[PDB]
Number of protein chains: 6
Amino acid sequence: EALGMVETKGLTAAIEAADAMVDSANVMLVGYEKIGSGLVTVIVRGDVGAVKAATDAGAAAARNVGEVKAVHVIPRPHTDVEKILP
Amino acid sequence: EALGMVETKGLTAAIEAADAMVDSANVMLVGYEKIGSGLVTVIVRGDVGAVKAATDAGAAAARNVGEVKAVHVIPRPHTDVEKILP
Amino acid sequence: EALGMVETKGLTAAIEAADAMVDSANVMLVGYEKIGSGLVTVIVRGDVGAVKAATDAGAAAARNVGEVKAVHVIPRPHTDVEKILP
Amino acid sequence: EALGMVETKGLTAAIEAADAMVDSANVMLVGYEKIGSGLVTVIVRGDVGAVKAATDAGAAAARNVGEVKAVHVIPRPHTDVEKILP
Amino acid sequence: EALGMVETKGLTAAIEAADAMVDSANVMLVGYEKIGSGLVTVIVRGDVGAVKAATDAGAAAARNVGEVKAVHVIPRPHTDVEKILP
Amino acid sequence: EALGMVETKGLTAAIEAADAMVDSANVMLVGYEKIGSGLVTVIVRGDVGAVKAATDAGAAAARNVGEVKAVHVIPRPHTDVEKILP
């Protein structure tokens with residue numbers, strides 16, 4: 001099941017993008033990851049359609065609050081990637 | 001209950017925002033987070049009114065001391081958001 | 001009791017603040033906190049008069065060494081803020 | 001065996017690179033390394049042909065998400081270097 | 001018990017400063033501290049005259065190799081400052 | 001014995017420096033250090049000639065992959081300096 005990622009500079013922008021991503025026809029919040037330098041990545045999992053819609057809504061929400069750095073969907077992620085997710 | 005956040009660049013400004021918010025209204029200080037690049041977010045919970053007054057006061061007190069980067073209120077935060085809060 | 005904070009760019013200016021502050025007066029050096037972007041916050045506790053004199057003395061001294069980003073005293077922080085302080 | 005590294009600005013680009021790499025060939029995902037200013041290095045091991053396939057796949061995928069900082073393959077790292085690798 | 005500090009951006013410049021300061025009557029190398037962001041402070045202890053000379057020589061040598069951010073001596077450090085040294 | 005360091009901005013350029021260094025001369029790779037802001041130091045030990053050959057070769061290989069921030073040799077490091085090396 002697909003993975004939506006929204007990365008911001010700023011935690012308030014990340015919390016808002018998360019809030020905005022989980023209403024959703026089945027996407028749950030996995031968590032966020034800090035890599036230092038003010039950069040926060042929020043990660044959701046769900047079916048590709050709601051995930052695509054959810055990550056778009058996250059980026060638009062976060063953009064109101066802060067700086068959005070990356071927006072991305074991985075529709076069919078490999079098993080091995082799991083081991084690098086929060 | 002509602003969620004409030006004030007994100008500052010600087011820890012001194014954040015501690016002032018925190019102290020100003022809890023004296024301004026019936027909110028509870030949930031905690032603060034650091035994400036690097038000098039970014040510190042303080043987070044409060046309470047009803048939507050008290051969180052709105054608390055953030056405005058916390059922003060205003062922080063601005064007297066340091067840089068405020070974001071002020072935001074989530075009036076009805078989704079259950080999944082509990083996951084990623086201090 | 002009272003809270004004093006001198007925030008500097010770089011560790012050398014923070015060591016200088018700390019030394020000036022604990023020399024100053026009857027106050028306890030708690031330590032310092034890193035928040036990224038080279039910022040270091042020095043934290044002391046003591047009676048309000050000493051913490052006032054000490055943060056004055058710390059800021060003055062740090063300024064001779066490098067950049068002082070913030071200086072603040074909170075005479076009587078709220079109990080919930082105490083929970084989040086270093 | 002060979003060593004493959006793709007280095008990106010940000011975690012969202014690094015996760016894309018990582019997914020693309022393990023998906024594209026018979027390589028083992030080691031993990032990733034944070035080094036500050038937002039830079040993340042993804043590291044993979046496998047035979048030289050697959051590592052060349054995977055680092056190519058990884059870097060082209062990541063360019064669509066964010067900035068790629070380095071792309072490199074070491075067919076046969078020295079023993080002393082094996083010692084210091086993730 | 002005087003304290004010499006040289007703060008560099010970059011570890012090579014710091015190692016070079018350390019090696020140039022200790023060649024010196026009695027000044028001993030205390031250690032170095034990283035605060036993130038590329039910033040390293042080298043700290044020496046010894047008598048005031050030899051520490052002033054050591055830190056001037058260390059800053060000169062470090063500037064040959066990298067960027068020097070602060071240079072400072074505290075002639076008579078308070079005993080509580082030891083708490084925040086590496 | 002002599003001391004060689006190459007400091008890169010980027011982990012990928014540092015691994016390349018380390019590999020090129022030990023394939024260049026009779027050096028031991030002591031290890032690498034991270035200090036934030038993308039800066040990685042690779043350190044080698046050996047007689048002065050080899051350490052000079054190695055750092056030149058490590059620098060030259062890293063530059064084909066990323067930025068080199070510093071290249072330095074200490075031919076006769078003070079014994080005090082061994083305490084701060086990895």
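Up top you'll find the structure we're talking about.
Conventions and cut-offs
Residues numbered from 1 in each chain as written, not as in the entry; some residues may be left out. Chains lettered and ligands numbered in written order. Heavy atoms only, no water. Pairing = 2+ DSSP bridges. Helix = DSSP H or I, 4+ residues; strand = E, 2+ residues; numbered from the N terminus. Axes fitted to C-alpha atoms, helices over the stretch in contact; angles between N-to-C directions. Contact = heavy atoms within 4.5 Å. Least-squares fit on C-alpha atoms. Buried area = accessible area lost by both parts, 1.4 Å probe. Salt bridge = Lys/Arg side-chain N within 4 Å of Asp/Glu carboxyl O. Polar contact = N/O pair within 3.5 Å; in protein donor to acceptor, adjacent residues only side chain to side chain. Nonpolar A, V, L, I, M, F, W, Y, C, P; charged D, E, K, R; others polar.

Asker: I'm lost on the sheet that holds strand 1 (residues 2-9) of chain A in this one. Help?
Answerer: Hydrogen bonds between backbone groups are what pair the strands of a sheet, and the pairing can be parallel or antiparallel. An order of 2-3-1-4 (chain A) is seen for the four strands of this open sheet, with the pairing classed as antiparallel. If you trace the sheet from one side to the other, it starts and ends with strand 2 (27-34) and strand 4 (67-74) of chain A, each paired once. Across the sheet, the mean angle from the axis of one strand to that of its neighbour is 15°, orientation sign disregarded. Taken together, the seven bridges between strand 2 of chain A and strand 3 (residues 39-46) of chain A define a ladder with antiparallel strand orientation. Among the inter-strand pairings, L29 of chain A is bridged to a residue of strand 3 of chain A, identified as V44 of chain A. This element, helix 1 (residues 11-19) of chain A, spans strand 1, strand 2 and strand 3 of chain A of the sheet and lies at about 10° to strand 3 of chain A. Sheet contacts for helix 1 (residues 11-24) of chain D: strand 1, strand 2, strand 3 and strand 4 of chain A; angle to strand 4 of chain A, the most-contacted strand, approximately 20°.

Asker: Sorry if this is basic, but what is going on with the relation of the copies chain F and chain E here?
Answerer: Here two copies of a chain appear, and what relates them is a rotation about an axis with a shift along it. Expressed as a screw operation, the relation of chain F to chain E combines 0.3 Å of axial shift with a rotation of 62°, fitting to an RMSD of 0.8 Å. Here the transformation between the copies is reduced to the relation of a six-fold axis. Comparing contact sets, just 20% of the residues at the interface of chain F also lie at the interface in chain E, consistent with a heterologous contact between different surfaces.

Asker: I would appreciate a short explanation of the interface of chain D and chain F in the present structure.
Answerer: By convention, interface size is frequently given as the accessible area that disappears when the constituent parts associate. Contacts between the two partners involve 21 residues from chain D and, on the opposite side, 21 residues from chain F. For the pairing of chain D and chain F, the buried interface totals around 1,700 Å² over both sides, and the portion due to carbon and sulfur atoms is 65%. Here chain D is connected to chain F by one salt bridge. Salt-bridge contacts for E33 of chain D lead to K34 of chain F; the nearest nitrogen and oxygen are separated by 3.0 Å. Where chain D touches chain F, the interface holds eight residue pairs in polar contact. Elements with a contribution of two residues or more to the side of chain D that touches chain F: strand 1 (2-9), strand 2 (27-36), strand 3 (39-46), strand 4 (68-74) and helix 3 (79-82) of chain D. The greatest single-element share of the side of chain D that touches chain F, amounting to four residues, is contributed by strand 2 of chain D. For the side of chain D that touches chain F, a count of residues per class yields 11 nonpolar, five polar and five charged.

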